[PDB]
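Participant: Just the structure for this:
(4 chains)
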Amino acid sequence: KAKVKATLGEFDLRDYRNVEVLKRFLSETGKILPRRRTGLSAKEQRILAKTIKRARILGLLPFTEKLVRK
Amino acid sequence: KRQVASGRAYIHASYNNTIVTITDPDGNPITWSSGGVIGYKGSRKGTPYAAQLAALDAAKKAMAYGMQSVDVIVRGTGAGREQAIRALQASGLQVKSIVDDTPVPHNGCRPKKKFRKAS
Amino acid sequence: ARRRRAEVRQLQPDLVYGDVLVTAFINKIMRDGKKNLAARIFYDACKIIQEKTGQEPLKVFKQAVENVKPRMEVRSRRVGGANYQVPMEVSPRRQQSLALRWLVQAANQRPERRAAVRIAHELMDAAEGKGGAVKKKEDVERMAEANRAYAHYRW
RNA sequence: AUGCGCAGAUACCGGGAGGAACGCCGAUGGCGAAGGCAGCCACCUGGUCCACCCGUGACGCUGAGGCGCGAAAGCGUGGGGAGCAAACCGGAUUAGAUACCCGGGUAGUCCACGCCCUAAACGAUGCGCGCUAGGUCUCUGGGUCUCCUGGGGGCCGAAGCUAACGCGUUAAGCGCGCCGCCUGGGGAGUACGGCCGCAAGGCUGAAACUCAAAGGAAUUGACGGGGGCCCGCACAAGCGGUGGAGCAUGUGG
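Facilitator: Numbering: from 1, shown residues only, chains lettered A, B, ... in the order given. Sure, structure below:
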């Protein structure tokens, strides 16, 4: 694959409004991606999961999507 | 009866049966079918073949309303999922695009002893 | 057959039409290793296909067989509970086996008193496609369809 | 099959109510003395780790009793009640089936307040301190950031220990301090007494009588309605038979 960290420069992963970055961390089913895939560290992924959830409650990110072409 | 050129094909594929409902673009039923709706009874209604018959029945019943293409939406994981899908493809009635939208609680109600055996 | 695949035992060409398929059919006619008496019958019966139709016996023969080969049949199977007649494709070598076996059985089911006749009239009724052999053959094929619902078990 | 459906159910779309639980992240992860703790947000609040080497000056350890906390189920009063589900009502199954499977269903599961105080409450391993090779994975600090250096979590395993299995700087090693506990099996966590509890019951806890054992770990077998991989006319595939008749022969009676 590729690692979703390897696609970006400095981003504040506490910034729960940056949908353009934040969104690249969800699956196509819109679920928080595993670290296997995100390429973040434990500490980081802990803060990400927290920020994404916030985005979600705000309406700026999905809780789920339907899988396309199954 | 009304003309509906295209719309939606819902496959509800359970372990015990497969039902197919076909709807207009807004999701109002046009026709339906199932393993019981074909001749089968009880256990056989499961079976990939029942699924086929049912999908085909539902499609042919629906082409009657001049329906010609559909979006597919599958729900469940069950002996007959993909036969129902291949059947709509092979039914004529052009398959625009398949989506799986099986529901899943974001951890919700305690399940029946049957679906809990993993403690 | 635990170890091997077993070679399709290879037969000795027909000393009169030059056909392995024929010997095969002669053997199926044979009782208690009376191969002589058996061939008398097959040939006397080819006699009764001229004496009754314009075309060549080897041709009626080849054809009768063709009609009697089944394409699907039910094989029995273990599942959690009781058993399932599972339809599946019938391999070429077996198709042949079954055809001949059935022709000979169907033949000796007929009413006419002398063997070569029975063999012949059955051969004839088969290429026309209406012998009791082609019957107990559509019975198989039909029955494999009845059970089309269980064709997801074929090994 | 019971059951539900033409008083139109199942499937499908839209709106609403409600209760309970938080998918992915999620880990071999973290936190807490234990029980235990998982959507998100605020506020109130406990513990703890590192660096600086600044203050006090042995103020320490442990801890009978006391007091507090303590999963589930259960109890009381009042709410709540979606889904699940002892009991219970049915349907199957069965030799029977007061069960396993299926359809229903009350207590209960949920909240508040008050009880109960139990457990395979487990690392089945009390608490503190000092000492005794290393390797590798990991969470979380600091540094001069290959690495070095604290504090957690793991595995492998120096020395050593152990009946063995194992343990091994997270000791079951080498030592000190203090607490708790054991003293063959059954009778019995029973009786009695006391204490506690609204009750259920809890804590404490015998005796007569009786047994030659009860036990732990590992060994070789054998066995499994355990797993892998093999074979035989073992099954399948065939072809001809016995079972039926008459008789021959052996046998039971």
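Participant: Contacts only, for the one residue sitting closest to the centre of chain A.
Facilitator: When chain A is reduced to its mean C-alpha position, the nearest residue by C-alpha atoms, centre = their mean turns out to be residue A:25, at 2.4 Å. Contacts were defined as C-beta atoms under 8 Å, 6 or more residues apart in numbering or on different chains; by that measure residue A:25 touches A:4, A:32, A:33, A:38, A:48, A:52. Using the backbone N, CA and C atoms, a C-beta is placed for each residue, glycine as well.
Participant: so what does the longest helix seen in chain B touch, helix or strand wise?
Facilitator: The helix of greatest length in chain B, counted in residues with DSSP state H as the criterion, is given as helix B:48-63. Under the contact criterion of 3 or more C-beta pairs under 8 Å, 6 or more residues apart in numbering or on different chains; DSSP states H and E, helix B:48-63 touches strand B:6-14, strand B:17-23, strand B:29-34, helix B:81-89.
Participant: List the contacts of residue C:32.
Facilitator: Counting by C-beta under 8 Å, 6+ apart, residue C:32 has no contacts.
Participant: buried sites along the longest helix along chain A?
Facilitator: Longest helix in chain A by number of residues, with DSSP H as the criterion: helix A:42-57. Residues of helix A:42-57 classed as buried under the neighbour-count rule (16 or more other C-beta atoms under 10 Å in any protein chain shown) are A:45, A:48, A:51, A:52, A:55, A:56.
Participant: just stretch C:49-65 next, same as before
Facilitator: With burial defined by 16+ other C-beta under 10 Å, the residues of stretch C:49-65 counted as buried are C:49, C:57, C:58, C:60, C:61, C:63, C:64, C:65.
Participant: Which single one of those residues is nearest to residue A:18?
Facilitator: Using C-beta to C-beta, residue C:65 comes nearest to residue A:18 of those, at 77.0 Å.
Participant: Hmm, residue C:101 and the closest one touching each other?
Facilitator: No - taking contacts as C-beta atoms under 8 Å, residue C:65 lies outside contact range of residue C:101: 11.1 Å.
Participant: on that earlier part again, how about the longest helix of chain A and RNA strand D, touching?
Facilitator: Yes - contact of helix A:42-57 with RNA strand D (C-beta under 7 Å from any atom of the strand) involves A:42, A:43, A:45, A:46, A:48, A:49, A:50, A:53, A:54, A:56, A:57.
Participant: likewise stretch C:90-106?
Facilitator: Yes - using C-beta under 7 Å from any atom of the strand, we find that stretch C:90-106 touches RNA strand D at C:97, C:98, C:101.
Participant: Tell me which residue of chain A lies closest to chain B.
Facilitator: The shortest separation between chain A and chain B is 3.7 Å, found at residue A:70 (distances taken as C-beta to the nearest C-beta).
Participant: Identify the residue nearest that residue in space, chain neighbours excluded?
Facilitator: Nearest in space to residue A:70, with sequence neighbours left out and distances taken as C-beta to C-beta, 6 or more residues apart in numbering or on different chains, is residue B:100 at 3.7 Å.
Participant: about what we covered before: most tightly surrounded among the helices and strands packed on helix B:48-63?
Facilitator: Per-stretch averages of neighbours, counted by mean count of other C-beta atoms under 10 Å in any protein chain shown, single out strand B:17-23 among those, with a mean of 24.
Participant: now for that strand, which elements pack on it?
Facilitator: Taking 3+ C-beta pairs under 8 Å, 6+ apart as the contact definition, the neighbouring helices and strands of strand B:17-23 are strand B:6-14, strand B:29-34, helix B:48-63, helix B:81-89.
Participant: The third one: which residues count as buried?
Facilitator: Residues B:48-59, B:61-62 are the ones in helix B:48-63 that count as buried (16+ other C-beta under 10 Å).
Participant: Just give me the closest of the residues you listed to RNA strand D.
Facilitator: Comparing the buried residues of helix B:48-63 against RNA strand D with C-beta to the nearest atom of the strand places residue B:58 closest, at 9.5 Å.
Participant: Now do the closest residue to residue B:68 other than its chain neighbours against residue B:90, distance only.
Facilitator: Take residue B:68 and drop its neighbours on the chain: the residue closest to it by C-beta to C-beta, 6+ apart is residue B:5, 5.7 Å away. Using C-beta to C-beta, to the nearest Å, we find residue B:5 at a distance of 20 Å from residue B:90.
Participant: So which bits of chain A are right by chain B?
Facilitator: Applying C-beta under 8 Å from any C-beta of the partner chain, one finds that chain A approaches chain B through A:63, A:66, A:67, A:68, A:69, A:70.
Participant: Just send the residues of helix A:42-57 next to RNA strand D back as CSV, with distance to residue A:17 too.
Facilitator: As requested, the residues of helix A:42-57 next to RNA strand D are arranged in CSV below (distance: C-beta to C-beta, whole Å):
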residue, distance to residue A:17
A:42, 24
A:43, 22
A:45, 19
A:46, 19
A:48, 14
A:49, 16
A:50, 14
A:53, 13
A:54, 9
A:56, 12
A:57, 12
